Each structure stands twice: as structure tokens, then as C-alpha cells.
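A short write-up of the structure that comes next.
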Amino acid sequence: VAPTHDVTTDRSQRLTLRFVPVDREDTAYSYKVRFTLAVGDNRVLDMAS
Amino acid sequence: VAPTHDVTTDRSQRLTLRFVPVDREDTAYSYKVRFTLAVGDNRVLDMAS
Amino acid sequence: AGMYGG
Amino acid sequence: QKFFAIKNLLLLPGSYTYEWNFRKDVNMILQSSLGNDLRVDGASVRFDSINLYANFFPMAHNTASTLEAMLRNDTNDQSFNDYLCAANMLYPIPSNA
Amino acid sequence: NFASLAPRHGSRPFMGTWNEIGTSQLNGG
Amino acid sequence: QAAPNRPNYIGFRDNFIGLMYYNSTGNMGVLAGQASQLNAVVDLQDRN
Amino acid sequence: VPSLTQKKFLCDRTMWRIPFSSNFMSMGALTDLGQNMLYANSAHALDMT
Amino acid sequence: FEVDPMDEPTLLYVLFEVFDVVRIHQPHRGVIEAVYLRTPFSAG
Amino acid sequence: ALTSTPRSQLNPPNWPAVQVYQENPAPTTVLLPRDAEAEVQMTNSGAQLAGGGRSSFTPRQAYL
Amino acid sequence: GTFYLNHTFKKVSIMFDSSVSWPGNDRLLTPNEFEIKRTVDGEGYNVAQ
Numbered sequence: 050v051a052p053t054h055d056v057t058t059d060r061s062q063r064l065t066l067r068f069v070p071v072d073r074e075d076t077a078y079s080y081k082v083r084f085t086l087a088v089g090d091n092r093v094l095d096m097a098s
Numbered sequence: 050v051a052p053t054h055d056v057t058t059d060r061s062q063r064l065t066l067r068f069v070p071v072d073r074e075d076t077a078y079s080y081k082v083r084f085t086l087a088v089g090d091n092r093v094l095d096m097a098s
Numbered sequence: 018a019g020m021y022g023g
Numbered sequence: 537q538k539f540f541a542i543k544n545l546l547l548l549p550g551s552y553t554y555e556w557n558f559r560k561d562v563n564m565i566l567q568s569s570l571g572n573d574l575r576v577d578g579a580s581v582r583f584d585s586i587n588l589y590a591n592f593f594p595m596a597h598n599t600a601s602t603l604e605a606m607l608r609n610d611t612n613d614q615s616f617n618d619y620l621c622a623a624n625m626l627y628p629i630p631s632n633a
Numbered sequence: 005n006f007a008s009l010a011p012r013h014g015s016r017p018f019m020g021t022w023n024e025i026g027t028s029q030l031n032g033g
Numbered sequence: 294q295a296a297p298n299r300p301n302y303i304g305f306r307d308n309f310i311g312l313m314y315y316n317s318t319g320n321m322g323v324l325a326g327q328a329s330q331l332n333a334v335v336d337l338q339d340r341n
Numbered sequence: 829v830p831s832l833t834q835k836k837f838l839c840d841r842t843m844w845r846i847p848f849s850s851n852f853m854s855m856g857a858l859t860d861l862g863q864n865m866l867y868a869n870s871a872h873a874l875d876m877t
Numbered sequence: 878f879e880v881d882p883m884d885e886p887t888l889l890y891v892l893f894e895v896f897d898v899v900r901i902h903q904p905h906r907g908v909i910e911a912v913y914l915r916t917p918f919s920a921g
Numbered sequence: 060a061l062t063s064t065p066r067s068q069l070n071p072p073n074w075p076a077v078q079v080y081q082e083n084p085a086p087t088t089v090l091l092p093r094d095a096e097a098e099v100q101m102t103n104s105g106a107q108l109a110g111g164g165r166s167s168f169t170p171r172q173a174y175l
Numbered sequence: 683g684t685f686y687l688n689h690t691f692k693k694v695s696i697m698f699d700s701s702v703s704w705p706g707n708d709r710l711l712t713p714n715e716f717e718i719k720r721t722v723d724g725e726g727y728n729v730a731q
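Residue numbers (full-length UniProt numbering), protein chains in the order written: chain L, 50 to 98; chain A, 50 to 98; chain P, 18 to 23; chain W, 537 to 633; chain G, 5 to 33; chain V, 294 to 341; chain X, 829 to 877; chain Y, 878 to 921; chain F, 60 to 111, 164 to 175; chain D, 683 to 731.
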């Protein structure tokens, strides 16, 4: 009877969030990125996915 | 004596850290770099270095 | 549980 | 993404800078069959654009805030273990020793 | 109680075993 | 006999419309709180 | 001689599934999105292309 | 360690099995903290 | 009479200290993050720190 | 006080207990060893041409 009291929401949030780089480089043998991933006040990220 | 008690750190600060351009842009006579340098809550930059 | 799915 | 601290972490929200150094060295990003000892044959890579992804579970904003304001503590705190959990020492052995 | 979170098999909520809270996966453990 | 080529006017679209993805639910943008991240705009396939 | 690539997936012997839950999980036979206060109240015609 | 005689220059993979605990928390809103060690061979 | 400071030399060349508006804001309360009187003992035990109550290994947090 | 072989060095490590490289803590630009002289460029380390 899988329950409905405060599991999944109405408040219109996304499910996958692709992030896009800064720190785009090139090297003869290396490459770098960095991502200011923002998540925000709620919607806790599980970090394995 | 060269004193202890809050002169040198402990908590994994990188000393020199290479920043990066994001969105370099080109004209045939000029070259316009575009940096995002940032330091957080600590490690107060001298800017002569 | 005999069911096509959960 | 296999680093043991950030492998199965639970990430309470904020804004988090997340840097990565990839490798463009064609020798140990590829793999031969016959021990084709590369970097002299002409193999190379080139990276167009590298993007992140994530997957938020949608929790209710009253029950995420009873996770988040309960996980933010001194005793409710994550702790992971390396599996192999060891330290290689890497001793050389010269020719026929 | 937190009974409004578990996927209930009927009226009784599905509350798991007590080994489903930690882990002890080391090399040879 | 040389008749002229016939002219057209390559120009920007009026009011610059079509240059920002509208109603492409998925290619939308968002004004959102920096700390809160929540969508203060959601879009529909309809509603031109 | 130069080349492009071609990609294709094979899903035999099983059907695609789309669960009727707002988080799409198989939490139970009933769902949270199936017995809420919007779909058990009113009738709803569906268009499905 | 005693090995059979070999042709090419080799090495040996000593793997001292130790502990590793990487206890972390985030006590602010957007500030993460990491406290860790391996404790026969620790960085100290 | 209501506004000006009663002085002899109108247009003086060097004003005194008390007759000039100063700026006295509040004393700056600085929140020290991690009191190192018991934090340097934690690293010497062997645990390297990273990241950054305020910390879990020490319970106290002084601020000046 | 004659010394003239200071330019023939490659890479210098300092390991306490054969466990921890000495400055540790991610101090400097490559913290496992003291790279006195890198022949190839890298992401750019070379001082004074």
C-alpha cells in the first residue's frame, strides 16, 4: 500500500542535473575540469549516482 | 624561537594553486583572458605574488 | 510477491 | 568515481566546488591485446567536452529538513572504509635476485 | 515511530533487520 | 540578358524572438535562489 | 579509410515499463501517485502519442 | 622474500593491510569537513 | 546659533579632535573556527584533517 | 665551499617511517616529492625560462 505522506513531492524539482564546466584546459598529457555543483536547501544528493 | 601557536597551518591548505582561464577570446591583434580567481575564508592572498 | 512488478 | 570518501557519500546541500584532473596519456587510458607498447604507433585521444550528471531523489521539503537538520550533527556523521584498505610499499628487485 | 515512510506490506510497515544499518566489508572480514 | 538577382533581407527576427528557448520544456531556463535552487519558472509545451 | 560510428540498442524478450509513481519506484503495488488527492478524486482522459 | 630467478627487471608489491576510516561531516549549511587517518601508518 | 559650533576663529586652519565627527562602529566580533589548543593534538595522533558543533572532534569554540 | 653539481638532481622525496611524504597535507605544487628539475613542461611549472 506504498505510502504517500511526505515521500515524493509537488514542488516541481528536477531529477537529473547535468553540470557544465569551467576550468576547461588542454595539455600534452593531461586535462582538467571543475564544477560548481549547486543543490540547494533541500534535495539531498546521494553522490554515488 | 620562531613561534608556534597560530603561525603555520594544519588543515590541508594547498600553498600555491594554479588558476585557470574560462572563455578566452580572440581578435587578430589582441587576446583577452577571463579568470575566476577565488579564495575562501582563509589564506589571505598577497596579490604581489 | 506474485505480481508483475513491485 | 571510485574514491572511497566520495564514493557513497551523502551530500547535504550547499554549493560545492568539484575539481577533477583527467588523464590524456594514451598509454594507460587504452589497453592493448598483445602488449602493443603504445605512444609510438600513433594512438591519441581528444576530449571534446566533459559533463557531470547527478540524480537527486525528490524528498518532501519537510522530511528532507528532518534528514538534513538531523544529519548535520557531531554524532550522525558518515564514515567510509577503503575496501583493499592498505598501503603499497613497492620494493624493486633488480635482475635475477 | 517513522511509520509513514516505510512501504507497508498491508497494515504492518516493512521494518528491516538490524544488519541493514552498518557495514563491515574489509579485505578478509 | 542580365536580369538582376532577386533581393532578400537577412536580418534579425523582430523583437529578437526565437533567440531564447521558450516552451521547450527541458531547454528552459530558471531564475532560482542561489541558496535554494528551486524552480521559480516551470514551462509547458503549450502556452505560447 | 575514414569512418563515422553507428550505435543501437537491443532489448528483446522484455517490455519497457513506466511506473505510475512520482519517483517512479517500485515501492509497492499501490503507489503514492496513484492514491493521492488528485487522481482518486476526478476522472482523467489521457492522450498518449 | 625469496623468489624464483627472473629475466626482466621486476619489483615486489608489499601490501601492508591497515585500517582506513574517513569520518566526515558538514556542520554549516554549505561547508564540508573531513577527518581521516590510517592507523598504523598515519600521516603525522 | 542652533547649529554651528561656538568658536572664535571662524575658518580655523586646524580643527581640534573633539569638534570633528568621528566614526566609532561596533567592536568586530570575530568567530574563530577551530581552537587549535586541542586540534594540534589530533593531527599528532595521526589523523590528517581536510574540509572546512563547528567541529566534531573538539566540543568547544571560542570567539574573540 | 666548491660546489658545482647542484644542477644534477631530478626528484627528491622525504618519507617519515616510509609512510608519509614530509610536507604532506597537500602543501605545494606537487607534494609527494620535491621536483627540483622537470624536463618536460607539464601544465607549466618552469621558472625563469
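Ideal placement from N, C-alpha and C gives every residue a C-beta, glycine not left out.
Between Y80/L and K560/W, is the Cβ-Cβ spacing less than 7 Å?
Contact: yes.
Spell out the partners DSSP gives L108/F in its beta bridges.
Residue pairing by DSSP puts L108/F in a beta bridge opposite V912/Y.
Give the DSSP bridge partners of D75/A, in chain order.
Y80/A
Suppose you measure from the CA of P594/W to the CA of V581/W; what does that come to, to the nearest Å?
38 Å
Pick from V729/D, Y727/D, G726/D and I718/D that is closest to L687/D, judged by C-alpha positions
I718/D
Would you say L588/W reaches chain G, if we count a Cβ-Cβ gap shorter than 7 Å as a contact?
no
For the structure I just gave you, are there three or more beta carbon pairs, one from the region 325 to 341 of chain V and one from the region 73 to 93 of chain L, closer than 8 Å?
yes
Can you tell me the Cα-Cα spacing of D59/A and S167/F, whole angstroms?
Put simply, the backbone Cα of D59/A is about 16 Å away from that of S167/F.
In angstroms, rounded to a whole number, what distance separates the CA positions of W74/F and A97/A?
38 Å
Report the three-state DSSP secondary structure of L607/W (helix, strand or coil).
Annotated three-state conformation of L607/W is helix, per DSSP.
Contact with chain F by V880/Y, beta-carbon distance below 7 Å
no
Smallest Cα separation from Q62/A: which of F691/D, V702/D, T712/D and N707/D?
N707/D
Kindly indicate if chain B contains any beta-carbon less than 7 Å away from that of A51/L.
Going by chain labels, chain B is absent from the structure shown, which instead holds the protein chains L, A, P, W, G, V, X, Y, F and D.
Mind checking if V71/A is an interface residue toward chain L, Cβ cutoff 7 Å exclusive?
yes
Taking C-alpha atoms, which residue in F896/Y, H902/Y and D881/Y lies nearest to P917/Y?
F896/Y
Once DSSP output is grouped into helix, strand and coil, what is the label at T887/Y?
strand
State the Cα-Cα distance for the pair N563/W and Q731/D, rounded to the nearest angstrom.
30 Å
What did DSSP end up calling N598/W once you bin it into helix, strand or coil?
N598/W: coil per DSSP, three-state reduction.
Can you confirm whether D610/W, when its beta carbon is compared against all beta carbons of chain F, has any partner nearer than 7 Å?
yes
From the DSSP secondary-structure annotation, give me the bridge partner or partners of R582/W.
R582/W is not bridged to any residue.
Can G110/F and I909/Y be called in contact, C-beta distance under 7 Å?
Their beta carbons are under 7 Å apart, which means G110/F touches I909/Y by this criterion.
Would the beta-carbon of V56/L fall within 7 Å of that of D860/X?
yes
Coil, strand or helix - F848/X by DSSP:
coil
Looking at the structure shown, is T85/L part of a helix, part of a strand, or coil, going by DSSP?
strand
Could you name the residues of the same chain whose beta carbon sits closer than 6 Å to that of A911/Y, not counting the 5 residues immediately before and after it, in chain order?
Cβ neighbours of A911/Y beyond the five flanking positions: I901.
I need the straight-line Cα distance from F540/W to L874/X, nearest angstrom please.
47 Å
Taking the continuous beta strand (DSSP E) assigned at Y627/W, which residues delimit it?
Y627 to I629
What distance in whole Å lies between the Cβ atoms of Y589/W and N31/G, which are believed to be in contact at a cut-off of 8 Å?
31 Å between Cβ atoms; not a contact.
Buried or exposed, going by whether 16 or more other CB atoms sit within 10 Å of the CB of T65/L?
Counting every other CB atom within 10 Å of its CB across the protein chains shown gives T65/L a total below 16, marking it as exposed.
Cβ neighbour criterion (16 or more within 10 Å) applied to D72/L:
buried
When the Cα atoms are used, what is the spatial distance from residue 395/V to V334/V?
Limits of chain V in this structure are 294 at one end and 341 at the other, which puts residue 395/V out of reach.
Pull out every residue of the region 890 to 918 of chain Y whose Cβ sits closer than 8 Å to any Cβ of chain D, in chain order.
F918
Could you tell me which chain L residues have their CB closer than 7 Å to the CB of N557/W, listed as they occur along the chain?
Listed by position along chain L, the residues whose Cβ is nearer than 7 Å to that of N557/W are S79 and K81.
Measuring alpha carbon to alpha carbon, tell me which of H13/G, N5/G and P17/G ends up nearest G23/P.
The closest CA to that of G23/P, considering only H13/G, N5/G and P17/G, is found on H13/G.
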